[PDB]
Protein chains: 2
Amino acid sequence: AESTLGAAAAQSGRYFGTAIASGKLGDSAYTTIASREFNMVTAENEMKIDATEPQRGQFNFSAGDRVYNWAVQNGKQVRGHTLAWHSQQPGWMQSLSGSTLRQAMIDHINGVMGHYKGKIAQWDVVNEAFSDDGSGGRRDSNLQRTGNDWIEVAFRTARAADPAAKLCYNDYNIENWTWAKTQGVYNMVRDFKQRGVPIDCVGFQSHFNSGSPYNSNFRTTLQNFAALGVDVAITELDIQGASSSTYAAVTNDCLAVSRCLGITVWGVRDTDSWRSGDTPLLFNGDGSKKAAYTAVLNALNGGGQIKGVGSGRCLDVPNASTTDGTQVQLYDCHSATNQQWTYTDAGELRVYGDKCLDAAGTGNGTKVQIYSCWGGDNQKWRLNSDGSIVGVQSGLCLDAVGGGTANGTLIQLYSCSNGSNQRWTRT
Amino acid sequence: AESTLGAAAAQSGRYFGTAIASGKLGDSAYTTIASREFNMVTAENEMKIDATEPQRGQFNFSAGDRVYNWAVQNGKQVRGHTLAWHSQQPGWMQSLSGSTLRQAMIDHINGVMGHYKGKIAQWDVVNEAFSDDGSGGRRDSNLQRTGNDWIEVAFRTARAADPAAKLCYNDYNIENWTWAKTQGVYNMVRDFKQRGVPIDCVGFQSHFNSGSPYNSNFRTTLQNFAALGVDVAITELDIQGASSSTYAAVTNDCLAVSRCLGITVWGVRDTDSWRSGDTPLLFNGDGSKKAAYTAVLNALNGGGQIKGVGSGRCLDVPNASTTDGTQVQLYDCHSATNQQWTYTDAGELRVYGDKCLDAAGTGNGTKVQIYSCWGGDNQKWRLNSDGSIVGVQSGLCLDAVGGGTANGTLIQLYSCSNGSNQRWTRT
């Protein structure tokens, strides 16, 4: 299929997943989207060390199993997250070191993987072991202090516990090839593969924002790692601002690499995000598809003026008016500024640089006009591959009033119908 | 003093006020902004009918007085809101009709005004009496059903209760001259003035959004009413999206009409707004001045490339790259898209049409770069009259590193100090 992210990824043998919080499994708006769009699930916190072994030797899999069962029952594979980590260790584990800690780490791995043996597709065996200090060296943690070979030991232990699972090393800020951290990790995987240490994949968290932005050399990093013989996976993707171009770029980078298994966005709706303030996901709080959703789906499915298919006329701001509240119309196409629209990464259709195509409401018959740009959802649009233009807030289509084709025919929001007065062609 | 909204408005004999909610007076973030910027206060809910006369004949002024006391302790005047209205009537009053309702209306006016006799600058005597149906006629309410003269009676009653107060009729959607509602109200005021009914002002709520956008003909509406011999006031100003241009325009309309007493914005911070989702105010949830704050301030005080005054060099995007994360620098001025910056209504500095000047942080030394435009506060800037450019989120100034005047000097955020390397001029 090609209507949902998971189905469209499946076409090239990949998956499109999300992080699931068991706390939201009761929320129907949440499960409706999650069940429909994704085919891979990562438990947000449920499979962490603190959650699965609250007390030494005493394993708890209630929350983890809840997420796991939901996933399998809804046709999704699962990524285990995570076995050894310097962060979120239960207090009992923080009170350990040396041989005792090393042993605890091993017991925890066997305990968790044993419970889930044969039913987890990929495991993030070791998470965030490298430093951010620009050294490209490991981070000083109680685990690292037990011995530099702990990472190798963890992977060897993991392989033994469940040989059916793909074992990955997971980390953030290893996306830009030029970074000292990316090099540090690369060198470790290189070494591991040379010495036969069991590592099947490298997960790239992909938490992009203005502090650590996406760079096109990400495709290069993915290709260099894949050239070592490991699979690569985009594991916790979210982009500050949810730029349509950046989401499409990351998606195409995965598609360009045969060893890229798939992509997992870190959450369902912006409000579910650990960084909701950055509106970094594909669905907004209302559960509606953002402009980025369409950019991602179109990328997975394969690879100026706005002219009405039914009329052969262009979207025009009457007499080149700049006043807010001016309703747009159809008019003979001509090379004028009032007929030139720019679709931004935020999902706006700008004219005159700072005026936005705006919906004055959410119902059928709603007037489509220009108004100062401010980032409201009523000024965000989705340009579908079928030629329809859907408002993000309303979910309705741009519609030439009454099917009119003459100059002066007005534009409104209306139930999408695949009609020609709802079909547009960017030129 | 031209540094605060109130003091700046006072330079033209006007005031700049806000709506104060008593429940927020214990929040110093809230009161710090409120006591500093405004010189006129309207109680948001505390002087309403239900709040002041909970039971028939039993007046309660505890809440209203908390708003009043604060206002006078902090040197502000007060607008009373509101004495007669079809909305938010206490239960006992909603049950009344005919002459019984009519007398209760009179009793309420005498009761509230008597308590605040001589302490209130203006009173919104009757509020929202006109219909939105397009007839330009009266709204059907229990009050209007007591007889058409109820408005006249409310004014005659109020004048006798406190002859020291300016008595206003207050309504919304009466800003655009062309609307039936506006002209319906104009005719009522004209009738009153010619029959000697005591009315001193008309309050235009001015709640502007895309369904009811600001229109430049607002200035003729204001002039039309002032010509009737009544003072005019903008009473509950808020603009969906808080466009700098629209906010400056409304401000200039009041400044152009000598009988325009002042402007009251409906709330302090965006999160204090009854329409917070529209981010319609002058301070964001953090208590930071938005781009619109600057536009209003500049308008009250009398009111391409970006050259650093200290270097005589332009803000430049290295090699004309469009990669997120590219830090900006100073460079010999010249016509190049990578030197052309567009300041938008939202407060962004766009380059290449969809890249925005971006602060990757809030502290001193923070790097200033370009990043896909998305609307974050770290991409919002205030262009002050003194030549500085302040980041909305950080409160820091664009600072040419080390005072560097040479090509290649990097731009960073740093504490404002009005040095030459922090003053910029546009072209």
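These values consider heavy atoms only, across backbone and side chains, with no hydrogens, waters or symmetry-generated copies. Lettering follows sequence order; numbering is per chain, from 1.
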K.L.:
Are B/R313 and B/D332 ion-paired here, with the side-chain N under 4.0 Å from a carboxylate O?
P.N.:
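Salt bridge present between B/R313 and B/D332.
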
K.L.:
For the side chain of A/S206 and the backbone of A/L237, is there at least one donor-acceptor N/O pair under 3.5 Å apart?
P.N.:
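Checked: no pair found.
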
K.L.:
Is a donor on one side and an acceptor on the other found under 3.5 Å between the side chain of B/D345 and the backbone of A/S372?
P.N.:
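Flag not set: sc B/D345 to bb A/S372 has no pair under 3.5 Å.
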
K.L.:
Roughly how far, to the nearest 0.5 Å, is the CG atom of B/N252 from the OG atom of B/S216?
P.N.:
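Going from OG on B/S216 over to CG on B/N252, the span is 12.5 Å.
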
K.L.:
Side chain to side chain donor-acceptor pair (under 3.5 Å), that's the test. Do A/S212 and A/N173 meet it? Break it down for me.
P.N.:
CA-CA 7 Å; A/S212 293; A/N173 287 172; 3.0 Å; yes

K.L.:
What are the two closest non-hydrogen atoms of A/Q305 and A/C333, and how far apart are they?
P.N.:
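Reported closest heavy-atom pair: OE1-CB, 3.8 Å.
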
K.L.:
How long is the span from the CG atom in A/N284 to the OG1 atom in A/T271, to the nearest 0.5 Å?
P.N.:
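That separation rounds to 8.5 Å.
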
K.L.:
For B/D278 and B/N209, test the side chains for any donor-to-acceptor distance below 3.5 angstrom and give the result as yes or no.
P.N.:
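Their side chains do not contain a donor-acceptor pair, so the 3.5 Å distance test is not met.
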
K.L.:
Test side chain to side chain contact (heavy atoms under 4.5 Å, CB included) on A/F130 and A/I174; report intermediate values, then the result.
P.N.:
CA-CA 10 Å; A/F130 284 70; A/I174 59 162; over 6 Å; no

K.L.:
Testing the basics here: between B/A359 and A/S210, what is the closest heavy-atom pair and its distance to 0.1 Å?
P.N.:
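The answer is O-OG, 4.0 Å.
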
K.L.:
Report the C-alpha distance between A/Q205 and A/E128 in whole Å, list the side-chain angles of each, state the deciding distance to 0.1 Å, and finish with yes or no for side chain to side chain donor-acceptor pair (under 3.5 Å).
P.N.:
CA-CA 10 Å; A/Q205 285 183 28; A/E128 306 167 2; 3.1 Å; yes

K.L.:
Side chain of B/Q379, backbone of B/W374: donor and acceptor closer than 3.5 Å?
P.N.:
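The answer is yes, because a donor-acceptor pair under 3.5 Å joins these two groups.
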
K.L.:
Taking the six-membered ring of A/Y172, is the NZ or CZ of A/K181 close enough (under 6.0 Å from the centre) and on axis enough (within 45°)?
P.N.:
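Satisfied, under 6.0 Å and within 45°.
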
K.L.:
Does A/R350 come within less than 4.0 Å of B/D354, counting only side-chain N to carboxylate O?
P.N.:
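Looking at B/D354 together with A/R350, the answer is no, because their closest N to O distance does not fall below 4.0 Å.
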
K.L.:
When you compare the side chain of A/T294 with that of A/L297, does any pair of heavy atoms fall below 4.5 Å?
P.N.:
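Of all side-chain heavy-atom pairs linking A/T294 with A/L297, none is under 4.5 Å.
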
K.L.:
Determine whether more than 12 heavy atoms belonging to other residues, nucleotides or ligands lie under 6.0 Å from atom OH of B/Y414.
P.N.:
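Open: at most 12 neighbouring heavy atoms sit under 6.0 Å from OH of B/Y414.
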
K.L.:
If only atom types and distance count, is the side chain of A/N217 paired as donor or acceptor with the main-chain N or O of A/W177 below 3.5 Å?
P.N.:
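At least one qualifying donor-acceptor pair exists.
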
K.L.:
Could you check whether B/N301 and B/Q11, counting side-chain N and O atoms only, form a donor-acceptor pair closer than 3.5 Å?
P.N.:
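Yes, a side-chain donor-acceptor pair sits under 3.5 Å.
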
K.L.:
Checking A/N338 against A/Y352: is there a side-chain donor and acceptor pair closer than 3.5 Å?
P.N.:
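Side chains of A/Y352 and A/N338: no pair found under 3.5 Å.
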
K.L.:
Ignoring hydrogens and geometry, is there a side-chain-to-backbone donor-acceptor pair from A/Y371 to B/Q240 under 3.5 Å?
P.N.:
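It does hold such a pair.
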
K.L.:
What verdict does the side chain to side chain contact (heavy atoms under 4.5 Å, CB included) test give for A/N176 and A/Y214, after you've listed the backbone C-alpha separation in whole Å, the side-chain angles of each residue and the deciding distance to 0.1 Å?
P.N.:
CA-CA 8 Å; A/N176 189 320; A/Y214 162 86; over 6 Å; no

K.L.:
May I ask you to test the B/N364-B/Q412 pair for a side-chain heavy-atom distance under 4.5 Å?
P.N.:
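With C-beta onward as the side chain, the pair stays apart.
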
K.L.:
Check B/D286 with B/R269, please: is the shortest side-chain N to carboxylate O separation under 4.0 Å?
P.N.:
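Salt bridge between B/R269 and B/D286, a charged N being under 4.0 Å from a carboxylate O: no.
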
K.L.:
Would you find a donor on one side and an acceptor on the other, under 3.5 Å apart, between the side chain of B/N384 and the backbone of B/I389?
P.N.:
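Not a single qualifying donor-acceptor pair exists.
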
K.L.:
Flag yes if more than 12 heavy atoms outside B/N319 fall under 6.0 Å of its CG atom; otherwise flag no.
P.N.:
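No, CG of B/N319 has 12 or fewer neighbouring heavy atoms, counting only those of other groups under 6.0 Å.
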
K.L.:
Residues in ring pair (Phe, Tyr, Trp, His ring centres under 6.0 Å) with A/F204, at least two apart?
P.N.:
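A/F204 satisfies ring pair (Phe, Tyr, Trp, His ring centres under 6.0 Å) with A/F218, A/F225 only.
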
K.L.:
Apply the test side chain to side chain contact (heavy atoms under 4.5 Å, CB included) to residues B/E37 and B/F283: give CA-CA distance (whole Å), side-chain angles for both, the deciding distance (0.1 Å), then the verdict.
P.N.:
CA-CA 11 Å; B/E37 304 287 347; B/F283 294 86; 3.7 Å; yes

K.L.:
Is there a donor-acceptor pair closer than 3.5 Å between any side-chain N or O of B/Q327 and the backbone N or O of B/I411?
P.N.:
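Between the backbone of B/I411 and the side chain of B/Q327 there is a qualifying donor-acceptor contact (under 3.5 Å).
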
K.L.:
Taking everything shown except A/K289 itself, do over 12 heavy atoms lie less than 6.0 Å from its NZ?
P.N.:
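Yes, enclosed.
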
K.L.:
Could you check A/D316 against A/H334 for side chain to side chain contact (heavy atoms under 4.5 Å, CB included), going step by step and ending with a plain yes or no?
P.N.:
CA-CA 10 Å; A/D316 178 278; A/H334 54 272; 3.9 Å; yes

K.L.:
I'd like to know if A/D377 and A/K290 make a salt bridge, using a cut-off of under 4.0 Å between side-chain N and carboxylate O.
P.N.:
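Looking at A/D377 and A/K290, the cut-off is not met.
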
K.L.:
Which heavy atom of B/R275 sits nearest a heavy atom of B/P280, and at what distance?
P.N.:
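Here B/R275 and B/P280 meet closest at O-CD, 3.5 Å.
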
K.L.:
Looking at B/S420 and B/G310, would you say the former's side chain and the latter's main chain have a donor-acceptor pair under 3.5 Å?
P.N.:
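Here the side-chain-to-backbone pair does not exist.
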
K.L.:
Any sub-3.5 Å donor-acceptor pair from A/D270's side-chain atoms to A/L281's backbone N or O?
P.N.:
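Checking the backbone N and O of A/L281 against the side chain of A/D270, a donor-acceptor pair under 3.5 Å is found.
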
K.L.:
What heavy-atom pair brings B/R14 and B/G262 nearest, and what distance separates the two atoms?
P.N.:
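Nearest heavy atoms, B/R14 then B/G262: CB-CA, 4.2 Å.
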
K.L.:
Begin from the C-alpha positions of A/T326 and A/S321 and carry the test side chain to side chain donor-acceptor pair (under 3.5 Å) through to its verdict.
P.N.:
CA-CA 7 Å; A/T326 301; A/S321 173; 3.1 Å; yes

K.L.:
Does a salt bridge link A/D324 with A/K355, judged by any charged N lying under 4.0 Å from a carboxylate O?
P.N.:
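Here A/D324 pairs with A/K355 in a salt bridge, since their nearest N and O are under 4.0 Å apart.
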
K.L.:
How close do B/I234 and B/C254 get, heavy atom to heavy atom, and via which atoms?
P.N.:
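That would be CD1-CB, 4.2 Å.
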
